[PDB]
Amino acid sequence: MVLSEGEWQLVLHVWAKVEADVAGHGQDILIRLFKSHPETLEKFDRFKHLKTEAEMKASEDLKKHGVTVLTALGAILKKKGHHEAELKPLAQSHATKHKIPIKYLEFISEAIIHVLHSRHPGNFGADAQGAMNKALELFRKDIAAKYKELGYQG
Ligand code: HEM
């Protein structure tokens with residue numbers, strides 16, 4: 000997959016909006032993931048005691064982890080597909096330490112798109128959604144290729 004220069008422009012335009020409130024976006028994306036797919040919460044030893052949305056929103060540590068996640072994803076997207084070097088440490092930890100299937104990356108991709116609609120209702124149209132879906136699919140396909148490079152079936 001290759002994005003047009005126009006599609007990358009759209010992705011980076013949207014990402015400038017996430018960067019204005021990284022902690023808010025990151026907290027919402029993780030809660031959305033955990034509510035929609037509660038099996039993913041069991042992968043987080045630090046958070047799996049949290050049982051309800053209201054407990055999750057009160058967790059300062061969940062919020063900090065949201066910042067960690069979006070900061071790495073942002074550095075990757077700014078490379079406009081030339082991201083091999085940035086992917087390698089991410090693929091390494093998620094395949095070999097956390098043991099996260101690619102399917103769970105599809106679930107967090109759906110949570111990102113849901114939260115971008117919920118936080119930017121007039122600012123995230125069909126064209127920007129299409130470009131972001133393509134950039135996140137590019138990311139998932141390339142990280143699935145790095146899993147295989149490391150010897151894992153994602
Ligand atoms: C956009 C996709 C994602 C990005 C950019 C990302 C990024 C990160 C980063 C930067 C860290 C800390 C350093 C590291 O361990 O590598 C981390 C930790 C972790 N990730 Fe992800 N991650 C993503 C998706 C996922 C998903 C979907 C799951 C599970 C359902 C997951 C499970 C974990 C766990 C369990 C940790 C360790 C948490 C802890 O510190 O207690 N990751 N991730």
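Under the authors' numbering, the residues of the sequence shown are numbered 0 to 153, in order.
Each residue gets a CB set at the ideal place from its N, CA and C atoms; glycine is no exception.
Practice item. Evaluate the contact criterion for the region 26-41 versus the region 100-113: three or more CB pairs, one atom per stretch, below 8 Å. Key: yes
Practice item. Could you check how far apart the C-beta atoms of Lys63 and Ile30 are, in whole angstroms? I think they sit under 8 Å. Key: For the purposes of this step, residue 63 is identified with residue 64 of the sequence shown, where counting begins at 1. For the purposes of this step, residue 30 is identified with residue 31 of the sequence shown, where counting begins at 1. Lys63 to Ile30, Cβ: 14 Å. No contact.
Review point. Can you give the beta carbon distance from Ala130 to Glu6, rounded, assuming they're within the 8 Å contact cut?
Key: One-based indexing of the sequence shown puts residue 130 at position 131. One-based indexing of the sequence shown puts residue 6 at position 7. Yes, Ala130 and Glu6 are in contact; Cβ-Cβ is about 4 Å, under 8 Å.
Review point. Under a three-way DSSP split, which group does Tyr151 fall into?
Key: If you number the sequence shown from 1, residue 151 lands on position 152. In this structure, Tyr151 counts as coil in the three-state DSSP scheme.
Review point. How big is the Cα-Cα spacing for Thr95 and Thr70?
Key: Locating residue 95 in the sequence shown gives position 96, counting from the first residue. Locating residue 70 in the sequence shown gives position 71, counting from the first residue. Going from the Cα of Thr95 to the Cα of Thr70 covers about 21 Å.
**Study point:** Beta-carbon gap between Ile75 and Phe123 smaller than 8 Å
**Key:** In the sequence shown, counting from the first residue as 1, residue 75 sits at position 76. In the sequence shown, counting from the first residue as 1, residue 123 sits at position 124. No.
Practice item. Over the uninterrupted alpha helix (DSSP H) stretch that includes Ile75, give me the two end residues. Key: As a position in the sequence shown, residue 75 is number 76, starting the count at 1. 59-76 is the extent of the alpha helix (DSSP H) around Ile75.
Exercise for review: Measure the alpha-carbon distance for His93 versus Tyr151 and round it to whole angstroms.
Suggested key: As a first step, residue 93 is located in the sequence shown; it is residue number 94 there, counting from the start. As a first step, residue 151 is located in the sequence shown; it is residue number 152 there, counting from the start. Their backbone Cα atoms lie some 11 Å apart in a straight line.
Practice item. Please find out if some non-hydrogen atom of the ligand HEM comes closer than 7 Å to the beta-carbon of residue 154. Key: It is not possible to answer for residue 154, since the shown part of the chain is limited to 0 through 153.
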